[PDB]
Amino acid sequence: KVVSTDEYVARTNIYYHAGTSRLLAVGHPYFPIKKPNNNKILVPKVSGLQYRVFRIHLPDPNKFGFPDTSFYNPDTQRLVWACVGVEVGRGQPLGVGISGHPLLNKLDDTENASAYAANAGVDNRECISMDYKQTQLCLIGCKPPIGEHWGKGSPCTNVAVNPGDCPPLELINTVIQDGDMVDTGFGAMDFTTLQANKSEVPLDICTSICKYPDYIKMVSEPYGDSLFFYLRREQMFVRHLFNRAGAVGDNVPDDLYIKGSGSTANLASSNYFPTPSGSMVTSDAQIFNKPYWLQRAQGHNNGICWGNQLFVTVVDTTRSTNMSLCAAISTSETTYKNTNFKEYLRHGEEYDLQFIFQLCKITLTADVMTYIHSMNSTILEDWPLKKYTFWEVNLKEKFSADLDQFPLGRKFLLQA
Amino acid sequence: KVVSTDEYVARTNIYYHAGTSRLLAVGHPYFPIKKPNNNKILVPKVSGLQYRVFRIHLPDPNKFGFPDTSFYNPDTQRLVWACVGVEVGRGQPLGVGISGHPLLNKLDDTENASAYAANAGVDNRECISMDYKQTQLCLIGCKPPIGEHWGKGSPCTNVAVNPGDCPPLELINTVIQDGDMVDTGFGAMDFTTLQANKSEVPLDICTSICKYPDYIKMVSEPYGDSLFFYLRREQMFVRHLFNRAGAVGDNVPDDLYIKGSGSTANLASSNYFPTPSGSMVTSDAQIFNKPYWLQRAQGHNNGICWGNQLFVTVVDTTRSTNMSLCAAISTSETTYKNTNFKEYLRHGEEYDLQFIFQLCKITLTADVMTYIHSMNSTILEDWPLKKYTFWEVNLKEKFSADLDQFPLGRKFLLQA
Amino acid sequence: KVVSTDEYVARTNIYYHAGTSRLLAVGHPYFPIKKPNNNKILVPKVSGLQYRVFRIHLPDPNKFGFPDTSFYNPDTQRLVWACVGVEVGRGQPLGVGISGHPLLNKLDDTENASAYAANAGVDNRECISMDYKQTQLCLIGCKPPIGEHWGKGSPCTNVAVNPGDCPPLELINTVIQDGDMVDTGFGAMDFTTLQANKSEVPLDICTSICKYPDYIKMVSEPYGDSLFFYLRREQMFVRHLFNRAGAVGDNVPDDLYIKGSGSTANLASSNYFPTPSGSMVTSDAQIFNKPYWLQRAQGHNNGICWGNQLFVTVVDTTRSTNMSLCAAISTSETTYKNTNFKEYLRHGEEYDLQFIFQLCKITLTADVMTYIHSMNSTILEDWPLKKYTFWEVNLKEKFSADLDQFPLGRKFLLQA
Amino acid sequence: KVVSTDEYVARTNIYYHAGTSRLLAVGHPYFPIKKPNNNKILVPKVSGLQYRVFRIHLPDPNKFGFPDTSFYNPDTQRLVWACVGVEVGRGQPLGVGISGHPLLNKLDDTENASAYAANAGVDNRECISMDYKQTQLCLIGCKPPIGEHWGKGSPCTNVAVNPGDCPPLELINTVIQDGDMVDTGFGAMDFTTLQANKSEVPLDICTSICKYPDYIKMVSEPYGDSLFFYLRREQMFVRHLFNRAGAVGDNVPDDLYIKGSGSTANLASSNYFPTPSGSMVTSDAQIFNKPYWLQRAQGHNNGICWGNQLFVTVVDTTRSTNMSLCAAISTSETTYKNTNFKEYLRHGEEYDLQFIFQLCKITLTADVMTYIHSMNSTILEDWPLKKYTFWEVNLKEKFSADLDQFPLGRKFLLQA
């Protein structure tokens, strides 16, 4: 049986403030820039539709230097931090970014048509761009988040598999890391393994996995450590309706239509796909630059940061403007030529985080020791995530008890 | 005279929690995939615009194993379950799906025109796609739902009927089953019997019946067993305005126009039809992933699940993204060819259900026995739906009295 | 340690009203008009997307003539003004203005395409106009505001730099002055130094810097003098999707696509850029022509105007209609000719400001003297901004104690 | 010093109801219809975008016949009317009207362009129509309203003025009269004097002045007689982006662009202008057909109708449907010909007004006499607007003390 943390955790009246100064990231919005001979990255990939996972490290309160010590007994008490307030400051102006493919697989525009496509070609690919759906989300926890996507499965060995067959599909749960791609209006699938022509989705997702958070599995966890708080807001609509070009994997049944003649002797493509569009960004619909108070979590864990560790996941596509840069090769010409200038694309992104923490103490009795050991063995030993990449935040040297000297501390003292 | 269940049913203070783990369905969005020689289905049809009817089976509380028994007298008491809270968890990201026909009967675009169509052809069919209207609905009851549609009637035998005559129309009430089609913006009619050219509506409804729930008949039922609770939300608008091609069944009267000459010697088609469009999906307009509390039903039945049976009907077109898959036939070519790849379409859909139930007891006196026998004869015998198809849910082995160990039980205990 | 002004500042019950009559500005919306031989400006540049920074000068209350003096002791007391209410009156009708370039770098429309651009030209520039994003903002303080933009950085000297290379990027904080340009949907960057072809953005920002307010840095200031109050509201969406023409700075990696042949032997441009659009102006979404009451500021400074000085920053793009004027060269012709008329563009802008001030007094003890000297040395000496341009407002001769004789004073007396 | 009317005016408990039956106006929406030889008007000009100024005359309460007289002393008391409630009834269905020019100065569509206009013509004028912005407003007072517009100024005599020069601009305040034009999305200017080609704005404003109410000047009046109450609501957006044709008044500076060659040797027009559009009319956004209660005015005058006179200004563009009429010249033809029918346009507009008035009395002491004489000399003499045109309303014979016999009196008695 799982019990709430409010039973075996005692909260004191000591509060601390923590915060980062400013985080910046500048890079190419579509692909990394790499040296031709080498494999070392010169310009990383920074996009507005990437998961931002911050892993925050806290001081050990047992070894922390407090002006007063009489409030607890080190012989039978142990200390831990609790989160009571978070703000995610978000710079840059509001904007919308677009992406596309120079060789995207589009056959025809089927929204309105007046002639029939009676002849097939060798290459019908086009240069198409669009803007993605609108999404904001924030997740806070003490364990890394969990996402889901569609991937290939293991086929049965009863019958053989011929080239060109439909791959089998299964649903896969993984851990979201820093730099992953969010859904853009095409689904949560592995585009590298489920698409072979490399020309069906834009350039920044054509060789990546799009993942969606697994809210149902996260909230059903018995201990509720992976999610203390979450906000989400997403929207989209359809702008264009197209076809796809290729060979027909599955034929239309003969009892759904009447055969034609002349131009309509053969059938056109039935692999319709839409073009997504986020509508419009406004200041009134923003979930950032606002303080969140963590009064009572939904799960049994109520903001206790076991292991001196915090995880913050952020997605915000409402500031995704890409900047165009131009450099002149030769300036000794008074008439414009296309070949005298070079074009570049850049994206910059700005972050700020600030937190209010409360000090708690735990009495280690035999029953409490047994329960905590059953919950997590490493906690007692201290008194794994080495193959994942997160944005590391080190707050071991940024705490202050002067709570009213900071913007978030003033609000915290004002609400109470 | 019909009396409320609150008079002859006594409620105890015992609550139980039930829930399914996860339900998945993957298939083709338009038609089933079948072997050519055989008639057995390989890939079923899974679409975002299908009725989902879950038939849920509960344990018999008379034979159920309770830790305590003294709260009722088996010599004169009988037990039954009552529903007090339901949540329908809904996975996958928000999206919009589209559908169309490769040989759809469209003549001209009449929104804006500059030339007159003075010549008729043999085949003027086009490849047209669109996106449907937006609809969400949830219905809960203890009997299967009832729907209505337009169908053919029996003509009078006074005069003969010639080929090409207009079929007679009547309104027909039936039972909604799992896999039926919801209205998409073209009406609630039988497209198989009322349309003969097979080219007027897209491929996933051209040989199906679209049904609409019969709310007026459901709420007028004397006992109110078919509907305890319901939510609905639908919206659409018009994108395109077209004509139809064919022979004219009914001529325009000569007193509504002045005859033309030259290009306008004959009249163009007056069988105008619009193209529907659901507008836009947002997180703020969602009715799912929210708990429903059944405090007081509208009808006389107040959540009592007679016969240990429940029915849940769900429609949700706000997650209807179709995934495109591509398979390579030969990989020994460095230049792209259309004939070297095969294209497929898939749709996957995810469900979760969770319920809170209360235990009730009934005293069987002579008047109560007579009333219940008049209401339903099978109830006394226990102390029909074999020709319908539902998604069967078996909760006979998933109850637990530990109510706070689950996400919905925590909310239930929090609200009270 | 920084303390609030409420501790060492005492407020009296004396109120004064101040206000300007009317401020007008008429000019050319795109560029200044200058004499060919001279460099003196004939018609200034007045646009709807310019920062309006008003620097307001107040009388010295120590030398001010009060009817009564016994309320304070000049031997140990000093006086200062405090702001308790502000209204920004805004004339002219609501409108939307547009801007463009006669030689803007646009290659193709990539929203929907049916043919491939297989040939390159010498000059593919077009005459394109658009309407910008919608923005309103008001900031009030006692120090000039701070803005941020993207500019060039200092490269490393380890390796040489060839012509045509991508300029390095850094984030720069400056002081916003009267006449600066606000963001229009292309980002906050220096278009003069980061773009060399002079043909990527419209004519009114192609040689200017667009700056965004630095809210995060402004609110984190220890004393909070630069911001007492602020309101913001902005919105935009995407209308068009285009390409750019030029040489390719960074090549697409070879593992993201399959090479084509014929028309698709070479790749089209991947430097996509969108066209911004503010949606729609309404009377219900206006933040102007409304009184603001400054009850409690967020920072430690609570409306005290140190140095007898105030700063008001205003941006309002909801009244940006440009007027077209036509002048006839010769009127002795009865048939219209294009060469007989001349066309001009003008923009006019109207402002009003009104304020309520309260008189405060400060007791100068040793601790207070030390604290104020540490905060700002010039305050004690009185009892810098010469290289910046502001709109100067002189209210040294516009105060009256008759508070109910003015529209804002009536509201102030009504609320209390 | 100005004091409120509540000090020297005493209100009694006597109420009266007044109202017009129905006001109708039918005419041509664009220009008046006049006889060729004569100058007398046959059909007036009635448009949905005209100011409606009603001048309402009231009986003199001193000479009015009251059943009782003992409530006041004629030797030292004088009577006056006060307004306490107004309703403006508005007939006809909701609609939108459009207007245009057959020879409007449009060069090119600059929203999206693919070729360069390298050749100039003699006449490039087009037949263009649009729908205007959406506006509703109501003003109530005892003096006629005040409006503002842009007009020509007096140039300096230091230097001479050549034909084709830009006219100087100044802001002019005038009195709004019945039949004036409201702003339509092009600005508040005199189109007759500031535009010489007569082809830049549609036909109903090309020779008129568009005026905007001067709210700032109206509310700053010391006595507040010109405005007791006002409501406004306006909205618009941009539909099209065009150029203008003509000679270039001001050249683009040479440092804002790089010169082209071939098709782009010369520059295209930079005189961009947008096309306005009101969005959509709804019943929920209507400000008419609702009663207004005048509890407390903003200014010092609190609804006292000095001189037995009232002014009501109304603008409503939400009912602006123009009706098309057709008349047959010869009916002896069975085939349609364009020359056998004549086309006409008409507009009809319907109004209703109803008012509740209260009787007040004033004691004429020496101080009161002096104050009122300083305020307005004509008031004492009674116990100017001859060159303006208003819609005259005579309510000298429509008062009744039976307050509950009318729709507005029932609401008035219900609210109290």
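Here are some notes:
Order of writing sets the chain letters: A, B, C and D. Residues in each chain are counted from 1.
As a convention for this text, a contact is a pair of C-beta atoms (placed from the backbone, for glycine too) under 8 Å apart; a residue touches a chain by one contact, two chains touch by 3 or more.
By chain, UniProt protein names: A, B, C, D = Major capsid protein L1.
Looking across B-C, C-D or B-D, the interface that copies A-B in more than half of its residue contact pairs is found at C-D. Chain A (Major capsid protein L1) and chain D (Major capsid protein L1) have Cα centroids separated by 54 Å. For the pair chain A (Major capsid protein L1) and chain C (Major capsid protein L1), the distance between mean C-alpha positions equals 33 Å.
Shared interface positions of chain C (Major capsid protein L1), defined as residues touching 2 or more other chains, are 103, 122-123, 125, 197, 199, 258, 260-261, 279.
Arrangement of the chains shown, judged by which pairs touch: all-to-all, with no pair of chains left without contact. Listed by chain label, the pairs that touch are A-B, A-C, A-D, B-C, B-D, C-D. Residues of chain B (Major capsid protein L1) that touch chain A (Major capsid protein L1) in their complex: 22, 24, 26, 28, 30-31, 33-34, 89, 91-103, 106, 109, 122-123, 125-131, 197-199, 203, 206-207, 239-240, 277, 279-284, 289, 321-330, 336-339, 341-346, 348, 350, 352, 402, 405-407, 410. Residues 258-261 of chain D (Major capsid protein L1) are the ones that touch chain A (Major capsid protein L1) when the two sit in their complex.
On the chain A (Major capsid protein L1) side of its complex with chain D (Major capsid protein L1), the touching residues are 334-336.
Contacts from chain D (Major capsid protein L1) toward chain C (Major capsid protein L1) in the complex involve residues 1-2, 103, 108, 110-114, 116-117, 120-125, 133, 148, 150, 163-167, 169, 171, 183, 185-189, 194-197, 199-200, 212, 214-216, 219-220, 222, 232-238, 241, 243-250, 252-253, 255-258, 260-264, 267-274, 276, 279, 298.
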